[PDB]
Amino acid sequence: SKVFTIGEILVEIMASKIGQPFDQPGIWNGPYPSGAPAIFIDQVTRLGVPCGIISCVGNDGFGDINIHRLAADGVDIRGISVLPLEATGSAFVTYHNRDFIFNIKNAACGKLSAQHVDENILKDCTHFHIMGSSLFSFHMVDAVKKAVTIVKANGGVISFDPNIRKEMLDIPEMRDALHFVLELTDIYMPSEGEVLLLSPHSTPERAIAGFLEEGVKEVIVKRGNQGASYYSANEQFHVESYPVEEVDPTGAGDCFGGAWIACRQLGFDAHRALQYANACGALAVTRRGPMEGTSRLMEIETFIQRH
């Protein structure tokens, strides 16, 4: 029983100071392993659940830091193809109080396609997770479509976190790609701000009811500093947030998701899984760095206990 994801893998370069602009020489920190699917799958493995990822990186040091990190953490990296003529994706980020310069679409991670999805790699996959952020081109979609149908046809469970960029919604083809995934989704994990996106219904209550009636088995709604909710035909509950000192919210959704999926793989019931997921996301935001907020079971449990 293995958990698999697919998508962009990149390195993040972070500005050394708040307010630091992009158009002035300065000091930066990095590279740091990154990319929503990678963060998610890193959290899954740190919780002791077998998993793998399908992506494309370039034949360079930036691709290496990612492969090395995931591999050392227990992730099956056979699915990460290395592209000699492409540069590994990157993202420069600066703060205020947030701002980015992305090289994802036209980078190695954007070369992912059906040809780079090895069906044999998914032969024993029981759960496949999709990040909406990965659907930014026809090839990304073809890759996702191929992997999802292989797993679904093999009786696997599909989970989907629509962490998309609102822009993609104005693009029919991407809008249709998102509808595709949802149509085959068992576990839908939108944040409150994303609940209405892929629904013909205008009120959240109505949208969620719609997802269930359409085929989804469970809807997990992330509410940031307000906690999280769980919805199924069988039950419905909510958990309050754990008050923490937020530093970086960029990996909260990814970690919360990996925790939910991993805990469920470990046999946790909905209530316990939601509690751990909630605590995992809270812990993630207390540290800077994309993948620096993932936690292991012991840390999550101690955090819960202390509260």
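Quick note: we count residues from 1 along the sequence shown, nothing fancier.
Coordinates are lacking for 1 to 3 deposited residues between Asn97 and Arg98. The deposited model assigns a higher average Cα B-factor to 13 to 21 than to the other stretch when 294 to 302 and 13 to 21 are compared. Note on 72 to 80 vs 227 to 235: mean CA B-factor is higher in 227 to 235. When the C-alpha B-factors of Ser241, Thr45, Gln265, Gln275 are ranked from the entry, the top spot goes to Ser241.
Taking the PDB entry at face value, the top CA B factor among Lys146, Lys152, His129, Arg165 belongs to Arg165.
Residue-level temperature factors show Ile187 in the lowest third of its chain, judged at the C-alpha atom. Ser202: CA B factor in the highest third of modelled residues in this chain (values from the PDB entry).
Among the modelled residues of the chain, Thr250 sits in the highest third by CA temperature factor in this PDB entry. Annotation for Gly257: CA B-factor lies in the lowest third of the chain's modelled residues.
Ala279: CA B factor in the lowest third of modelled residues in this chain (values from the PDB entry).
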